[PDB]
Amino acid sequence: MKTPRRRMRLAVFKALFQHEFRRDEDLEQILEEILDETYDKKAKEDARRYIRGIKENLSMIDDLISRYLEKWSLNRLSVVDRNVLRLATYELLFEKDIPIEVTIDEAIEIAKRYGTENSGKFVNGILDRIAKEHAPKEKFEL
Ligand SMILES: [Ca+2]
């Protein structure tokens, strides 16, 4: 049996979340602590691709998101909101055959699960805006 993408994405989120309290450590090493053999070969490869992509483009991703936050900057957001946005933005921009609504709706689920009462609505709004202006043109043709 194969590990679902949703479970793979959750491991990526957990690594992002845990890193916020261990900023002197490597995001990639934190992901490996989370990954184990209960995940299949592809899921571990996929989670690594996501974490590497987010880590290697973090400043670009953060600055991209920052343009949609008026004066309540990214650093002032909760750990959950900030990282769901980072994860979803990476997916919208670099994971080619995933429809925009799948990325946004599955990101909202993570926000509702671990965030506060307005987390889901907040991230849905920001991601709708980011997707409209930053998703590759081909993604709209899916
Ligand atoms: Ca279609």
Side-chain angles (χ1 to χ4, degrees), residues 1-69 72-142:
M1 296 81 57
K2 305 184 188 304
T3 300
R5 183 169 57 207
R6 192 189 301 274
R7 177 156 176 252
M8 178 280 298
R9 199 188 282 116
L10 266 174
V12 173
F13 176 73
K14 295 174 184 170
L16 254 15
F17 182 101
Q18 298 181 202
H19 185 66
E20 293 271 354
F21 306 91
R22 303 166 59 186
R23 289 164 171 167
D24 51 356
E25 301 190 55
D26 184 346
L27 222 209
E28 293 184 76
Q29 298 184 203
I30 295 181
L31 173 65
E32 294 307 336
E33 299 174 350
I34 294 160
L35 296 179
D36 56 28
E37 296 298 290
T38 70
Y39 295 80
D40 69 9
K41 188 180 187 298
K42 176 176 153 54
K44 294 187 289 178
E45 302 182 328
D46 290 347
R48 286 158 183 153
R49 183 179 66 255
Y50 271 60
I51 280 295
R52 292 166 185 175
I54 293 161
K55 172 187 173 185
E56 295 157 5
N57 295 284
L58 192 63
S59 289
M60 308 301 291
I61 289 168
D62 283 3
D63 272 23
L64 183 165
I65 297 167
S66 81
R67 294 182 65 251
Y68 303 93
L69 305 175
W72 193 292
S73 65
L74 188 72
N75 285 38
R76 296 179 185 280
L77 293 176
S78 65
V79 170
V80 173
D81 293 345
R82 172 166 55 256
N83 293 104
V84 167
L85 289 180
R86 284 171 166 164
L87 185 290
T89 296
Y90 164 76
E91 192 168 283
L92 288 169
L93 273 54
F94 300 111
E95 296 289 322
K96 290 188 174 181
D97 296 294
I98 304 184
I100 289 166
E101 82 212 315
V102 169
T103 294
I104 296 176
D105 297 355
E106 300 191 356
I108 288 168
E109 285 302 283
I110 297 175
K112 293 181 193 172
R113 176 97 163 297
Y114 306 97
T116 47
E117 51 88 291
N118 240 66
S119 286
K121 314 172 201 312
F122 171 59
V123 303
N124 196 342
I126 299 302
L127 295 175
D128 275 348
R129 295 157 70 181
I130 291 180
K132 174 168 137 61
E133 304 193 316
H134 295 96
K137 289 180 172 187
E138 311 88 89
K139 190 158 280 195
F140 294 91
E141 302 314 85
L142 290 176

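Side chains are part of it too, since the values below use all heavy atoms of this structure and drop only hydrogens, waters and symmetry mates. In this chain, numbering begins with 1 at the start of the sequence shown.
- Side chains of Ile126 and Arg129 form a contact here, defined as non-hydrogen atoms less than 4.5 Å apart.
- Two rings, from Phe13 and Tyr114, have their centers less than 6.0 Å apart.
- Remark: the backbone N or O of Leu92 is paired with a side-chain donor or acceptor of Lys139 at under 3.5 angstrom.
- For CD of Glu45, the number of neighbouring non-hydrogen atoms (other residues, nucleotides, ligands) closer than 6.0 Å is greater than 12.
- Rounding to the nearest 0.5 Å gives a distance of 4.5 Å between NZ of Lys112 and CD of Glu109.
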For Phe122 and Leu77, run side chain to side chain contact (heavy atoms under 4.5 Å, CB included): C-alpha distance rounded to whole Å, both residues' side-chain angles, the deciding distance at 0.1 Å, then the answer.
CA-CA 11 Å; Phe122 171 59; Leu77 293 176; 3.7 Å; yes
Run the numbers on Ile61 and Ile65 for side chain to side chain contact (heavy atoms under 4.5 Å, CB included), then give the verdict.
CA-CA 6 Å; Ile61 289 168; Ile65 297 167; 3.8 Å; yes
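- Side-chain contact check for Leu10 versus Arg7: every heavy-atom pair is 4.5 Å or farther apart.
- To the nearest 0.5 Å, the span separating CE on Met8 from NZ on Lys2 amounts to 14.0 Å.
- Between the side chain of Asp40 and the backbone N or O of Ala43 there is at least one donor-acceptor pair closer than 3.5 Å.
- Side-chain contact between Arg48 and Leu31: present, with at least one pair of heavy atoms (C-beta onward) separated by less than 4.5 Å.
- Looking at heavy atoms from C-beta onward, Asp26 lies in side-chain contact with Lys55 at the 4.5 angstrom threshold.
- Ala111 and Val123 make their closest contact through CB-CG2, 3.7 Å (heavy atoms, listed as atom of the first residue, atom of the second, distance).
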Between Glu95 and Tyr50, does a side chain to side chain contact (heavy atoms under 4.5 Å, CB included) hold up when you go through it step by step?
CA-CA 9 Å; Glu95 296 289 322; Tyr50 271 60; 3.5 Å; yes
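- The distance from the CG atom of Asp63 to the CG atom of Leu58 is 9.5 Å, given to the nearest 0.5 Å.
- Side-chain contact, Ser73 with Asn75: no donor N or O sits under 3.5 Å from an acceptor N or O.
- At least one donor-acceptor pair closer than 3.5 Å links the side chain of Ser119 to the backbone N or O of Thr116.
- Side chains of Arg9 and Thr103: no donor on one and acceptor on the other come within 3.5 Å.
- The side chain to side chain contact (heavy atoms under 4.5 Å, CB included) test with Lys14 is passed by exactly one of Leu35, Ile34, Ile30, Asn83: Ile34.
- For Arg6, the CZ atom sits in a loose shell: 12 or fewer heavy atoms of surrounding residues, nucleotides or ligands are nearer than 6.0 Å.
- Rounding to the nearest 0.5 angstrom, the gap separating the OH atom in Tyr39 from the OG1 atom in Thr3 is 8.5 Å.
- Within 6.0 Å of CD in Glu133 there are more than 12 heavy atoms belonging to other residues, nucleotides or ligands.
- In this structure, CD1 in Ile108 is found 11.0 Å from CD in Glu101, a value given to the nearest 0.5 Å.
- In this structure, the side chains of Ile98 and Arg5 come closer than 4.5 Å at one or more pairs of heavy atoms.
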Give the intermediate values and the outcome of side chain to side chain contact (heavy atoms under 4.5 Å, CB included) for residues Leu127 and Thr89.
CA-CA 7 Å; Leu127 295 175; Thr89 296; 4.1 Å; yes
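- Taking both residues in full, the closest heavy atoms of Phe140 and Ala131 are given as CZ-O, 3.5 Å, listed atom of the first, atom of the second, then distance.
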Report the C-alpha separation of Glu138 and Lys96 in whole Å, then their side-chain angles, then the decisive distance to 0.1 Å, and conclude whether the salt bridge (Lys or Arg N to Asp or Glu O under 4.0 Å) test is met.
CA-CA 8 Å; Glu138 311 88 89; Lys96 290 188 174 181; 5.4 Å; no
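- Nearest heavy atom pair, residue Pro136 against residue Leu93, reads CG-O, 3.8 Å.
- Put simply, the side chain of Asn57 gets close to the backbone of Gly53: a donor and an acceptor are under 3.5 Å apart.
- The minimum heavy-atom distance linking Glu25 with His19 is given by the pair O-CE1, 2.8 Å.
- With rounding to the nearest 0.5 angstrom, the CD atom of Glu56 is 10.5 Å from the CD1 atom of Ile51.
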